[PDB]
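Position 3, counted from 1, in the sequence shown is what PDB author numbering calls 3; the numbers after and before it change by one each time, with no gaps. Built from N, CA and C at the ideal position, the CB exists for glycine as well. Data block below; observations after.
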Amino acid sequence: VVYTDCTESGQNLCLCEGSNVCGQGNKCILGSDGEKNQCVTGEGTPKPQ
């Protein structure tokens, strides 16, 4: 399957780290002064369409 490019910090099923997708149940953190992506644990949200 293929989702889409993230657009808000806290997503999961999106292209977080590079072109690879994270995994529901985690928590990605976008834009953060140099930190464009980081698949960290926590509770993210299924990037809607």
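Query	Result
Excluding five sequence neighbours on each side, which residues of the same chain lie with their C-beta closer than 6 Å to the C-beta of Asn-37?	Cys-16 and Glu-17
For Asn-12, count neighbouring C-beta atoms within 10 Å of its own C-beta (all shown protein chains included) and say buried if the count is 16 or more, exposed if not.	buried
Enumerate in chain order the residues of its own chain whose CB-to-CB distance from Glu-43 is below 7 Å, with the five nearest sequence positions on each side excluded.	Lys-27
Which whole runs of the beta strand (DSSP E) in the region 8 to 41 are 3 residues long or more, in chain order?	26 to 28 and 39 to 41
Excluding the 5 residues flanking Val-40 on each side, which residues of the same chain have their C-beta closer than 7 Å to its C-beta?	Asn-26, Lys-27 and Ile-29
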